[PDB]
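The data below hold one chain only, encoded as structure tokens and taken in the form solved without its partner chain.
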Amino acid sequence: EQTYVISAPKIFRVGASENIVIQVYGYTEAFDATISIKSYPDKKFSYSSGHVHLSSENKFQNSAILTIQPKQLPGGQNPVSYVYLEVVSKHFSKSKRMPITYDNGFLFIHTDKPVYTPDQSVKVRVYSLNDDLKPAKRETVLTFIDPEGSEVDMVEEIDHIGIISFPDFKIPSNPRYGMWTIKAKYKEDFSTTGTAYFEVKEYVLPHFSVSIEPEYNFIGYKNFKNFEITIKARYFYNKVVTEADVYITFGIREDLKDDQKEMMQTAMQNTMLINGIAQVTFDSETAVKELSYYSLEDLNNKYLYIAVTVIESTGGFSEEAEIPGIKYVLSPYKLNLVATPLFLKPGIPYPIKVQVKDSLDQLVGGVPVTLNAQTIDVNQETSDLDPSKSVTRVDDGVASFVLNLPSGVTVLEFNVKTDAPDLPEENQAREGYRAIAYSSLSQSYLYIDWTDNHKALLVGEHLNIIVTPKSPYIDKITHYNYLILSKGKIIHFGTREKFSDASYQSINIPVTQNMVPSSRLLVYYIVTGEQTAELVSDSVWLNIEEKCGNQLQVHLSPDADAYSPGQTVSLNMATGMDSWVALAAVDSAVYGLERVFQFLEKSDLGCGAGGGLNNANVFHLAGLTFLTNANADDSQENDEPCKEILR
């Protein structure tokens, strides 16, 4: 029995250097293989191709980087949607239809401020990277859309260094007020888009300053009957307003993005601003008995909008202030799983790592968690497990569980709750989950896990992964095989010798800079014999520290808590290697913003923490298509990448 495995990204990206892996097994004599990206479906045109040699010197594994040139594709009316991935050798020739996307690179639009007043000039530049996170050097088009949806200005500029500086956008003397949108795009070849927003608001001279200070940023069960609100106000010449009239209206709000709100004309309580400070208490229950709701079980994740009008008594001048929304919180905690694929491997203990966070999404420690579970086996005979209890680790926020299930189990419906000593049963956090068993016709399963994930993986350390297969045919498996992916590209691949004198064996993986900020590992072994070869696979998601490849650091000499106006000061910039640096200096008061590392791993075509219903699903959830003479039974219409599931 002889097998071959071709690993490629789930989708081909126009203009991207796509790395294609080939790994063959059973062959003892060396031979060459041609990997090719051709036109669909005729294969008349070869977009690219490469020759790879397979030998004992090569361990019968090789790699070839192909590229779909944008200029080699037609434009406009009947554009290309698919290409053919083809592998040809003396032994085999297999092809597959691969979808392509014209989304290549990243365009980050950076404006100096998020809010502008008339006659100001908007400073704007664009950071442009290609698929490989390198200066794209592609000419870029900026479009400006006013709040009424009109395209009012367009300007294109060539890119030399990856930083594209545009002429400043002058706000008209009497402009259209509201939300303006900036759209960056490439002039040729690609469909990549970038988008930023900036508001244009009319300046109005304020008479005095009004501040609202709620008791807390959230409303729990303890403050559902009383919520303290302190309203202060002072003149801009640093004197407290002596006497004023304070009017407070309350409303319920769905979300902060939508400017819609439901007022409550019952809680329009009025008080007096005396010597700068006034205070009121809002009985949430009574006021939200209006507009239905009635209970605290409702209003959860909804917001409390507050509006305040202050009428100073001497000059009669009036000034307004508002709190957009205070989220009503039903439970001080929120639960989420960490590094626990929702898939069962029959015979392997199944781990569940729950994680507890507060209303600020911060890891809360010492939180007891109770785990319940129901099991369904092949006979549909349900079984209610005995509940278990752990306590949240306070070094990493983790609450770990290990579960021993019968070998015949197929579905695990497990539910987790918090057990706080001071919380009622309603105010506890609860989350449900369902895990499905890996399906194998040879009762052959693989489970990988790397010692453990706390702390996160630091570039330069080493990842000591444990490969535990459970199956018949165990002591006829020759080797283990692995593929390491990051940012939508196969960065590594190889094979490790299987020790006949153990059940598990440690595979060591040096964590490199290519793996920042996240990676995915797929490990598989081949069950062979009669019938048809079978791939037994598993995958895990590796969260790695966000470390710059060329680290930038800026400092101010002299270092002081505060400076004086007009002071001559020196700024020191230090980078690991020769690097361009775009600087900005903005009045922080404008913020009352962007994070690139999270928007960057949208190129990861994988989803979830790893695993899969079967081998093909394991490859799919890792963002991979594969070509094999082995069993390739996948789900239906499984051509587009997976979509990360939300709850």
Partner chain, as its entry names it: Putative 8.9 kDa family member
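Positions refer to the first chain, counted from 1.
Asks: Look at the stretch from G592 to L593 and count the residues of the deposited sequence that the entry does not model, then pick none, 1 to 3, 4 to 9, or 10 or more.
Replies: Gap between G592 and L593: 4 to 9 residues without coordinates.
Asks: Comparing 222 to 230 with 514 to 522, which has the greater mean CA B-factor as deposited?
Replies: Looking at the record's C-alpha B-factors, the answer is 222 to 230.
Asks: Report the stretch with the higher mean CA temperature factor, choosing between 481 to 489 and 447 to 455 on the basis of the entry.
Replies: Averaged over C-alpha atoms, the B-factors run higher in 447 to 455.
Asks: Going by the deposited entry, which of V5, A8, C642, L646 has the highest CA temperature factor?
Replies: Reading the PDB entry, the winner on C-alpha B-factor is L646.
Asks: Looking at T193, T181, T117, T281, which one carries the largest C-alpha B-factor according to the PDB entry?
Replies: The listed residue with the largest C-alpha B-factor is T281.
Asks: Using only modelled residues of the chain, where does the Cα B factor of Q23 rank: lowest third, middle third or highest third?
Replies: It belongs to the middle third of the chain when residues are ordered by C-alpha B-factor.
Asks: Could you place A622 in the lowest, middle or highest third of its chain by Cα temperature factor, using the values in the record?
Replies: Tercile = lowest for this residue's CA B-factor.
Asks: Among the modelled residues of its chain, does the C-alpha B-factor of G432 lie in the lowest, middle or highest third?
Replies: Middle third - that is where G432 ends up once the chain's C-alpha B-factors are sorted.
Asks: Looking at the entry's B-factor column for C-alpha atoms only, identify whether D578 ranks in the lowest, middle or highest third of its chain.
Replies: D578: CA B-factor falls in the middle third of its chain.
Asks: Going by the entry, which third of its chain does the Cα temperature factor of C607 land in?
Replies: Lowest third - that is where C607 ends up once the chain's C-alpha B-factors are sorted.
Another form, the form solved in complex with its partner chain, is not on view; read the next lines as being about it.
Asks: Tell me, out of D422, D258, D384, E425, which residue has a non-hydrogen atom within 4.5 angstroms of its partner chain in the entry with it bound.
Replies: Only one option qualifies, and that one is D384.
Asks: From the list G276, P349, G432, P214, which entry has a heavy atom within 4.5 Å of its partner chain in the entry with it bound?
Replies: Selected option: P349.
Asks: Considering non-hydrogen atoms and a 4.5 Å limit, does its partner chain approach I252 in the entry with it bound?
Replies: Taking the distances in the entry with it bound, the answer for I252 is no, it never comes within 4.5 Å of its partner chain.
Asks: With heavy atoms only and a cut-off of 4.5 Å, decide whether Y524 touches its partner chain in the entry with it bound.
Replies: No, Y524 sits far enough from its partner chain in the entry with it bound that none of its heavy atoms falls within 4.5 Å.
Asks: Answer for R393 alone: is it within 4.5 Å of its partner chain in the entry with it bound, judged on heavy atom distances?
Replies: Yes, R393 is a contact residue.
Asks: Closest heavy atom of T314 to its partner chain in the entry with it bound, within 4.5 Å or not?
Replies: Taking the distances in the entry with it bound, the answer for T314 is no, it never comes within 4.5 Å of its partner chain.
Asks: Tell me the stretch among 333 to 341, 214 to 222, 85 to 93, 400 to 408 that has any heavy atom within 4.5 angstroms of its partner chain in the entry with it bound.
Replies: Selected stretch: 400 to 408.
Asks: Can we say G366, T468 and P472 each have a non-hydrogen atom within 4.5 Å of its partner chain in the entry with it bound?
Replies: Affirmative, all three are within 4.5 Å.
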